[PDB]
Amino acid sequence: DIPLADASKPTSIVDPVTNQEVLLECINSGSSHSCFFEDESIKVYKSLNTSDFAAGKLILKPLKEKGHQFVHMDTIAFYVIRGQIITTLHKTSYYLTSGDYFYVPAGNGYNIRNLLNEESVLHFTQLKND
C-alpha cells in the first residue's frame, strides 16, 4: 500500500531555508523535456534543469563528431549508456564504451566522436557555477 501521485505535476517538498513546504518539479517522466537541441551531429535533451544543475541525454548521430567545445565555469559529467566513442579532453583522447564515465573540468575543451553506424547515447550532468 502506497497511493501514487501525478508525475506531470509538481511535488510538495521542504525548503531548508523556510522550513516550509514548497511546490517544485523534481520528476521528469516519459517524454517530457525542458529543452531540445539538434544539429548535423547531435541531439540534446535537457530533462532536469535548475539554477544549480541540469541533466539529460546527448545523442551522437551515426559516425558523427560532436565538435570540440569549450566549457566555461561549469563542469560536465558524462556516462556512456550505449555506444563506442573517442573522447578528447584538452589535447589527449581515449577510447570509451558502454559503461564508462568522464567529466570535463571547468575551463577546458572536449570532443566526442561516434565510432558506430548506430546512435550513441550518453547521460550528462551539467554543474552550473555562477
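A residue's number is simply how far along the shown sequence it sits, counting from 1.
If you average the C-alpha B-factors over 83 to 91 and over 43 to 51, the higher value belongs to 83 to 91. Look at the C-alpha B-factors of 34 to 42 and of 64 to 72. On average they run higher in 64 to 72. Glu25: CA B factor lies in the lowest third for its chain, per the PDB record. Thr11: CA B factor in the lowest third of modelled residues in this chain (values from the PDB entry). Ranked within its chain, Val17 lands in the highest third, by CA B factor from the PDB record. Ranked by C-alpha B-factor against the other modelled residues of its chain, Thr125 falls in the lowest third.
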